[PDB]
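Peer 1: Before I ask anything, here's the sequence and the deposited coordinates:
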Amino acid sequence: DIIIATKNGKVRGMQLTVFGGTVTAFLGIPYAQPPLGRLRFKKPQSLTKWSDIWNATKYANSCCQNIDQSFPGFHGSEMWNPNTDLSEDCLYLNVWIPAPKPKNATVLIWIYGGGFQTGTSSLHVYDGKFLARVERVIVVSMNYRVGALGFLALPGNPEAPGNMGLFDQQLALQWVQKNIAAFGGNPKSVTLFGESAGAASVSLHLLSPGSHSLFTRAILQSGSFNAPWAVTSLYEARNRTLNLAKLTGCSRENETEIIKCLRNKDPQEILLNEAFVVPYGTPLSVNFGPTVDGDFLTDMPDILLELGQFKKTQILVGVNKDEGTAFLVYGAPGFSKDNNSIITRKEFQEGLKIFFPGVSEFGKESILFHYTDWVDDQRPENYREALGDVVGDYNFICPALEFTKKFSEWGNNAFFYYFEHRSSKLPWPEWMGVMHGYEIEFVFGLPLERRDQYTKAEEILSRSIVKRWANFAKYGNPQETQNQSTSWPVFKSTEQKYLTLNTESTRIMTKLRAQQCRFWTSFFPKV
Ligand SMILES: *[C@@H]1O[C@H](CO[C@@H]2O[C@@H](C)[C@@H](O)[C@@H](O)[C@@H]2O)[C@@H](O[C@@H]2O[C@H](CO)[C@@H](O)[C@H](O)[C@H]2NC(C)=O)[C@H](O)[C@H]1NC(C)=O
Ligand SMILES: *[C@@H]1O[C@H](CO[C@@H]2O[C@@H](C)[C@@H](O)[C@@H](O)[C@@H]2O)[C@@H](O[C@@H]2O[C@H](CO)[C@@H](O)[C@H](O)[C@H]2NC(C)=O)[C@H](O)[C@H]1NC(C)=O
Ligand SMILES: C[N+](C)(C)CC(=O)N/N=C/c1cc(CNNC(=O)C[N+](C)(C)C)nc(-c2ccccc2)n1
Ligand SMILES: *[C@@H]1O[C@H](CO)[C@@H](O)[C@H](O)[C@H]1NC(C)=O
Ligand SMILES: *[C@@H]1O[C@H](CO)[C@@H](O)[C@H](O)[C@H]1NC(C)=O
Ligand SMILES: *[C@@H]1O[C@H](CO)[C@@H](O)[C@H](O)[C@H]1NC(C)=O
Ligand SMILES: *[C@@H]1O[C@H](CO)[C@@H](O)[C@H](O)[C@H]1NC(C)=O
Ligand SMILES: [Cl-]
Ligand SMILES: [Cl-]
Ligand SMILES: [Cl-]
């Protein structure tokens, strides 16, 4: 029986067997007052101490959210849907510590992605027991509010100030600062890591002054705040708050009385109307996300980044080879997960219309022009691969590379990777390649489980990645020093070296997607 006395009361965990050893799990510790009733849309309030032994032996509720229903019964999509009850009462976190209890363990804090509208820390691919067992780190993950319930913004107005989900995350980081030494953790050695909107969230903690003192280092997997989906502007934020209000019949003149009205609405009513607050959307639409609230985010983040106003520390940044393919089968014509999705020029052009609805004809013309000067001109998958590269280069790779250049220009060590291994267990078809989100199982060490049907080479790659991530968290340097591994060079704005991660040969390369990113970063923002 392991009971740990935290600042708000005692908690009981479970013991788990992992690779012939033991990890102690505390699943489902509250870290805030439940944001219900008059607390909905408000910042998270601090928690009132309890006098019992809180039983942290089961994952807590996931936060309210719409679910992916596009492929019922298909593991490729359903592996991401919430696996605990949805509820507004969802401000909880999880702790994995090694057995025996460590003394000053580095702490890894995971922030899941999900477009700021879905996600949950209880997912199988976010299980921290492997990292705790293998690397002797402590792994913390938390649930945070998403959708309108987490990012509705009437800026200035504390009934709905915006960014609540970011403040949930921050209040969890605070909980680690106040409580992790009781679990054997070093609060002075905390590394944030996250994927997709989770990565964008990590990057916004690097800019938020209220988070500066709550972590040491940061890891950004396939995401950053300067991506085009990651920050909502104040003008469209209030357009969307207002559009949601008319949709629920909550239109008022008292902006505060609108919130009071929306607080009497059932969570389901808010959820069904979230999709329609935008006039046109895309499979990447983020109707309710981070805004410049004047609290978490004091200025436009592009400005802060450009002017060096952020936490000086090391970062580890990376992307996957086929970030964009996942989104093509959620609306692009001619695409399907159940055939090779070979599409014509006109379908490609129709595809651009779906991914760039508000963009001018000339802007779409300019995307087609840069992505369809073919070498062979006869390969039948030319247009299928081009649309995927368009969506991936614009939405993930080029912003990640630009974040890394700008951040490292202020003197900090940065490391960039390019993940190009397709999981042997990937349920999506081969033409979708190395998909968005399918490095996560390697980071969390799932192929170390010999029973889980990964190849031997995937085990080896995962063990290397897990070691590099943990050396980054512990020592700021993502080397694997014992097995004659390729040294991971620092990424500088001059040479722009990055490391490739694959089962075959890890290689040092320079200047990822050079011609593509010049287009997205220097021409396209003008259109
Ligand atoms: C800002 O909001 C207005 C409100 O229109 C909403 O449109 C739907 C999304 C629906 O969910 C309702 O809440 C609103 O009617 C947008 O104006 C509309 O624009 C589209 C065409 O682009 C079309 O529905 C109507 O012509 C417009 N409706 C009204 C009432 O004006 C507007 O486009 C939004 N965005 C911007 C940038 O202003
Ligand atoms: C690949 O499949 C798409 C999807 O259409 C359906 O997909 C399968 C599940 C199958 O069981 C059938 O129901 C359909 O084929 C195809 O896109 C369709 O293409 C034709 C016209 O080209 C037509 O039925 C629809 O307009 C398309 N549906 C869309 C765009 O959603 C596509 O043609 C298939 N490609 C190949 C190479 O087989
Ligand atoms: C990467 N990974 C695997 C962790 C993601 C994941 O687990 N779930 N992903 C969710 C998601 C959903 C949407 C939008 N859904 N809109 C809809 O109408 C769909 N519905 C029915 C309301 C759910 N957008 C984005 C997203 C946006 C920008 C960048 C990256 C992702 N992500
Ligand atoms: C907490 O766990 C103990 C151990 O099994 C159990 O006896 C106790 O009833 C639990 N408390 C609550 C409130 O469920
Ligand atoms: C843990 O390490 C920090 C510095 O990283 C040190 O200040 C602290 O006292 C240590 N705590 C232990 C060893 O319990
Ligand atoms: C109505 O709006 C005023 C500002 O015009 C605000 O001070 C007041 O609090 C609002 N009503 C309620 C019940 O809050
Ligand atoms: C290094 O190689 C040994 C085999 O010699 C293996 O057992 C170990 O897991 C490897 N370590 C890493 C970090 O890959
Ligand atoms: Cl490539
Ligand atoms: Cl052609
Ligand atoms: Cl160009």
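Peer 2: Good, I have the coordinates. Numbers count the residues shown, from 1 in each chain. Ligands and ions are numbered 1, 2, ... in the order given.
Peer 1: if I look at the residue lying closest to residue 299 once chain neighbours are set aside, how far off is residue 311?
Peer 2: Excluding the flanking residues, the one nearest residue 299 by C-beta to C-beta, 6 or more residues apart in numbering is residue 292, at 6.6 Å. C-beta here means a position set from N, CA and C on the backbone, and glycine is covered the same way. According to C-beta to C-beta, to the nearest Å, residue 292 and residue 311 sit 18 Å apart.
Peer 1: and if you look at residue 39?
Peer 2: 30 Å.
Peer 1: Equivalent analysis for residue 400, please.
Peer 2: Distance, residue 400 to residue 311, using C-beta to C-beta: 18 Å.
Peer 1: quick one, which of those two is more surrounded?
Peer 2: Just comparing residue 400 and residue 311: by other C-beta atoms under 10 Å the higher neighbour count belongs to residue 400, 26 against 19.
Peer 1: didn't that one look like it was pressed against residue 319?
Peer 2: Yes - in this structure, residue 400 is within contact of residue 319 by C-beta atoms under 8 Å, at 5.1 Å.
Peer 1: quick one: common contacting residues for these two?
Peer 2: Counting by C-beta atoms under 8 Å, 6 or more residues apart in numbering, the common neighbours of residue 400 and residue 319 are residue 222.
Peer 1: from what I can see residue 66 touches residue 119, true?
Peer 2: No - taking contacts as C-beta under 8 Å, residue 66 lies outside contact range of residue 119: 11.4 Å.
Peer 1: what secondary structure does the most centrally placed residue in the chain sit in?
Peer 2: Ranked by distance to the mean C-alpha position of the chain (C-alpha atoms, centre = their mean), the top residue is residue 198 at 2.2 Å. Secondary structure state of residue 198, per DSSP: H, G, I helix; E, B strand; the rest coil, is helix.
Peer 1: how close does it sit to ligand 2?
Peer 2: 31 Å (C-beta to the nearest ligand atom, to the nearest Å).
Peer 1: residues from the stretch 201-350 of the chain in reach of ligand 2?
Peer 2: Counting by C-beta under 6 Å from any ligand atom, the stretch 201-350 of the chain comes close to ligand 2 at 333-334, 336, 338-342.
Peer 1: 8 Å instead, please
Peer 2: Within the stretch 201-350 of the chain, the positions near ligand 2 by C-beta under 8 Å from any ligand atom are 333-336, 338-343, 347.
Peer 1: of these, buried ones?
Peer 2: Listed as buried from those are 334-335, 341-343, 347; burial here means 16 or more other C-beta atoms under 10 Å.
Peer 1: Select from those every entry located in helices.
Peer 2: Members of those lying in helices (criterion: DSSP state H): residue 347.
Peer 1: ok, how many other residues are close to residue 297?
Peer 2: Neighbour tally, residue 297, other C-beta under 10 Å: 20.
Peer 1: so it touches residue 206, yeah?
Peer 2: No - applying C-beta under 8 Å, one finds residue 297 not in contact with residue 206, separated by 11.6 Å.
Peer 1: residue ranges for the strands of the stretch 151-300 of the chain, please.
Peer 2: 185-195, 217-221 (DSSP state E, counting those that start in this stretch).
Peer 1: So in that sheet, which strands flank the first one, and in what orientation?
Peer 2: Looking back up the chat, that one is strand 185-195. Strands adjacent to strand 185-195 in the sheet, as given by DSSP bridges, are strand 105-111 (parallel), strand 217-221 (parallel).
Peer 1: Specify the stretch among the ones you listed that is closest to ligand 5.
Peer 2: Of all the strands paired with strand 185-195, strand 105-111 sits nearest to ligand 5, with 9.3 Å by C-beta to the nearest ligand atom.
Peer 1: That closest one near ligand 3 anywhere?
Peer 2: No - figure legend: strand 105-111 not in contact with ligand 3 (C-beta under 8 Å from any ligand atom); closest approach 10.8 Å.
Peer 1: again, but for stretch 441-458
Peer 2: No - interface with ligand 3: stretch 441-458 contributes nothing (C-beta under 8 Å from any ligand atom), its closest point being 10.8 Å away.
Peer 1: Quick check: of the residues of the stretch 201-350 of the chain next to ligand 2, which lies closest to residue 72?
Peer 2: Distance ranking of those against residue 72, using C-beta to C-beta, places residue 338 first at 14.0 Å.
Peer 1: Do I have it right that the closest one meets residue 428?
Peer 2: No - here residue 338 lies out of contact with residue 428, judged by C-beta under 8 Å, at a distance of 10.3 Å.
Peer 1: what sits against residue 47?
Peer 2: With contact taken as C-beta under 8 Å, 6+ apart, residue 47 is in contact with 8, 30-33.
Peer 1: still on that earlier bit, which one of the strands of the stretch 151-300 of the chain is the most hemmed in?
Peer 2: Ranked by mean neighbour count under mean count of other C-beta atoms under 10 Å, the strands of the stretch 151-300 of the chain are led by strand 217-221, which reaches a mean of 26.
Peer 1: Is there proximity between it and ligand 5?
Peer 2: No - Strand 217-221 does not reach ligand 5 (C-beta under 8 Å from any ligand atom); its nearest approach is 12.8 Å.
Peer 1: Distance from the chain centre to that strand, please.
Peer 2: Relative to its chain's centre, strand 217-221 lies at 10 Å (C-alpha atoms, centre = their mean, to the nearest Å).
Peer 1: do the same with stretch 155-174
Peer 2: The answer for stretch 155-174 is 17 Å, by C-alpha atoms, centre = their mean.
Peer 1: Compare the strands paired with strand 185-195 and give me the one nearest residue 160.
Peer 2: Nearest to residue 160 among the strands paired with strand 185-195 is strand 105-111 (22.3 Å), distances taken as C-beta to C-beta.
Peer 1: what residues does the closest one touch?
Peer 2: Identification of contacts with strand 105-111 by C-beta under 8 Å, 6+ apart yields 97-98, 121, 126, 128, 131, 136-142, 144, 169, 172-173, 176, 180, 184-187, 189-194, 198-199, 201-202, 215, 469-470, 473-474.
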